[PDB]
Undergrad: 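The structure is given below, and queries will be raised subsequently.
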2 protein chains.
Amino acid sequence: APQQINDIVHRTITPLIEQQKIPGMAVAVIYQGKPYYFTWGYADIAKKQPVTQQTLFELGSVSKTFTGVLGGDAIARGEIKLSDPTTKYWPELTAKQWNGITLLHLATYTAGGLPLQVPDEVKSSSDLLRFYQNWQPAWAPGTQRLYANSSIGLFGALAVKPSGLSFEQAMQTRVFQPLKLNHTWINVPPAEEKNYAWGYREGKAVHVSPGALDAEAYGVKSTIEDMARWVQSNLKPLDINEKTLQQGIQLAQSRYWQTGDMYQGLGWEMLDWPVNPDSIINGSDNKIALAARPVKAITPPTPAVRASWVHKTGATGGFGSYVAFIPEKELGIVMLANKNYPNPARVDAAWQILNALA
Amino acid sequence: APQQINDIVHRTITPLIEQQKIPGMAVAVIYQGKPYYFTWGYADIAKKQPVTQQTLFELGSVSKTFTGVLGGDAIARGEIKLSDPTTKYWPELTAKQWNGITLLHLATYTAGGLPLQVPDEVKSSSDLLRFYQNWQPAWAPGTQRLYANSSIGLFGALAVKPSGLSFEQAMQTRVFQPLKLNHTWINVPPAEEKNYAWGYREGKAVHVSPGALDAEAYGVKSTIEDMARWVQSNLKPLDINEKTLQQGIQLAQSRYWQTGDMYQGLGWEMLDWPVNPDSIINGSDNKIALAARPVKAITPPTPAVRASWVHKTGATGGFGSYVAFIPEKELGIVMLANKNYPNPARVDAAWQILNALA
Ligand SMILES: *[B]([O])([O])[C][N]C(=O)[C]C1=[C][C]=[C]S1
Ligand SMILES: *[B]([O])([O])[C][N]C(=O)[C]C1=[C][C]=[C]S1
């Protein structure tokens, strides 16, 4: 890798790893559209197993970007429309509060206050329907953005209904395979278990546990190499062979709502570039990222803006991830770690690196 | 051409020409992506000049499809956004009725009742400003569609302002040139006059008169070969090399509003395929097409649906044109005539032809 990239990555990431006590970490920098990889520490502390470019990390919420793109791909295929009511794809959801809540609202967290988490007690499909049927909105649809797994998680489950495929099979066949993400899984098979890193929470080795709509909201595991390819694919969608996937990636970066200097895409979040660092850094703190904020509809949505900082933070109990890229500069970065350390620390490191390279 | 296309075209067009007393006509059918041409009659009755594949016809309102795509291209380039207020590009438009009227409203005839025609007394740039400043909306923005040259015409003029280019130069550079429409003109050059058909109204030879916003709303002239190429480009935008143009074509086919079973795009109008023939035929009659109708917003707009009948009628005092295509079937038709004959007759003929071909 060029000396410029090695230098800024080393000086930025190693102190990060020490300050946050990160057991293992993998980083990819996409420079002029080419990937450069870096790895440090352990994937498994007890087994003294090193993090490699084949190590699988839990993406946590960065998984929502895959859900966003799969939904975009379903829209391009004519299977769904973001303007359609949620009830069109879930006829059993008859409760009166759902009138007016569309797939768009679900995908962008603007349904009116769906909760951050689907209660841990919701297991079966029966449980899930009862949960949504009993939910009462905090606000009217399309007025407030409240980041939620129960919102985009449902969008994902409904987005694939028309195809008749399971969420996992739709994702595998419509997204992971065309893009050749050969080491990306919602369910890690036995052959990859040896590469599945352990997450660490307060010293203990842990993996995300099953939960309702987990695959849809935070269930993807991937390597630093596949994630690099995922960034290249979102940086340059026209290079994608499959027509509906090309269009889906573009739709996932359209700006549907604005809150402050931030725009909500499908999974992805975007800001105009150049961006004010303190804004994305402080804005990533959960005290802000998880709070309700008023939204102004962008009518009609602005098509993917090349001069944008496009990003998504992600976390599970024992992992923390961050992805950011600027299409106009063919520049991007992926940071995967097996410890959920504070978001601001991730963005700060990412800004330092990408700002140095352009 | 295969005898099948030849037979359906001749069996449909021959009687049409006889019943409507059309002086000259050119038709192109795009079948499985290849064009087939047909011509009849005279481009100039007095000089006995026949209609040929090189004859230029006034497209009238089919010109709005070029304006829609040019606007879409400006959007893709990040020069304008459909959600921007009209005043962002025309600060001089300070009258309060303009608050809340966006470029989307202008492009889709939903600003609130802008008139079909710009008054003949309006010539000057200051005459135009005065006209829009004094105009009083009959309805709030985005509630009613009233087909209007003064609406999409203004959209076209404003869409090109950031580029710094004149509307004609932008059109030539960004649409005509990349697509190789080398015999399509906003102003017909002297070298091409020998191929410019005369329009006929009440037996008299006529050409379109200069008017405010004429280039933007109804001033393009073209040949049947160039129009078949235009249809091919709109049928398969993904084959277009120029990134923002491919995107612009797709944005022009997005569905922004719905009235009856018709959807409004940028210039183009669309219906779900299969269509009810009586619906597009009766719907083309000016008693419906030029009428004020409430519209339902498609929030967010549906990206170009492959299973659609996409079309546009067009007329000048002496010419009548029609273009229709079905992306999913790689099928299309262009009908150019030098007599403004009833819209329903055009659409009925087009339906018979395309339906017979699949
Ligand atoms: B996403 O933002 O990573 C989804 N976030 C959560 O589900 C909350 C967390 C739960 C455990 C770690 S972060
Ligand atoms: B377009 O629909 O051709 C614009 N129509 C007009 O400007 C009105 C006229 C229709 C025929 C001659 S002028």
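In listed order, ligands and their atoms are each counted from 1. Quick note on labels: first sequence line is chain A, next is B, and so on, each numbered from 1. Just so it is clear, the values below take in all heavy atoms, side chains as well, and ignore hydrogens, waters and symmetry mates.
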Undergrad: Using heavy-atom distances only, which candidate in B:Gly314, B:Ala315, B:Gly320, B:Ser63 approaches atom 10 (C) of ligand 2 most closely?
TA: B:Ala315
Undergrad: If we only count N/O pairs under 3.5 Å, is B:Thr316 in contact with ligand 2?
TA: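 Min N/O separation from ligand 2 is not below 3.5 Å for B:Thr316.
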Undergrad: With no hydrogens and no angle check, do the side chains of B:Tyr196 and B:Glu58 hold a donor and an acceptor under 3.5 Å apart?
TA: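 A pair is found: one side chain offers a donor N or O, the other an acceptor, under 3.5 Å apart.
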Undergrad: Which word best sums up how the rings of B:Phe66 and B:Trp230 line up, parallel for under 30°, tilted for 30 to 60°, or perpendicular for over 60°?
TA: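 Parallel: the ring planes of B:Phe66 and B:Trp230 meet at under 30°.
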Undergrad: Can you label the angle between the A:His207 ring and the A:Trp198 ring as parallel, tilted or perpendicular, going by 30° and 60°?
TA: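 If you compare the ring of A:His207 with that of A:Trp198, the planes turn out parallel.
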Undergrad: Find all atoms of ligand 1 within a distance of less than 4.0 Å from any non-hydrogen atom belonging to A:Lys64, and give their numbers and elements.
TA: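 So the answer, numbered in order with elements, is 1 (B), 4 (C).
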Undergrad: I need the nearest protein heavy-atom contact for atom 11 (C) of ligand 2: residue, atom name and distance, please.
TA: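 The answer is B:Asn340 ND2, 3.4 Å.
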Undergrad: How far is atom 4 (C) of ligand 2 from the closest protein heavy atom, and which atom is that?
TA: B:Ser61 OG, 2.5 Å
Undergrad: Is the backbone of A:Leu106 close enough, under 3.5 Å, to the side chain of A:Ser151 for a donor and an acceptor to pair up by distance?
TA: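 Yes, the answer is positive, given that a donor and an acceptor are paired below the 3.5 Å cut-off.
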Undergrad: Side chains of A:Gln264 and A:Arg145: any donor to acceptor distance under 3.5 Å?
TA: yes
Undergrad: Of all the atoms in ligand 1, which lie at a distance below 4.0 Å from a heavy atom belonging to A:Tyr147?
TA: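 Counting from 1, the qualifying ligand atoms are 1 (B), 2 (O).
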Undergrad: If you have a sec, work out which protein heavy atom is nearest atom 6 (C) of ligand 1 and how many Å separate them, to one decimal?
TA: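 The protein heavy atom lying closest is A:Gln117 NE2, 3.4 Å.
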Undergrad: What part of B:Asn149 sits under 4.0 Å from ligand 2 if we count only heavy atoms: the side chain, the backbone, both or neither?
TA: side chain
Undergrad: I'd like to know whether B:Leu128 forms a side-chain contact (heavy atoms from CB on, under 4.5 Å) with B:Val118, so could you lay out the CA-CA distance, the side-chain angles of the two residues, the decisive distance to 0.1 Å, and finally the verdict.
TA: CA-CA 9 Å; B:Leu128 203 58; B:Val118 174; 4.2 Å; yes
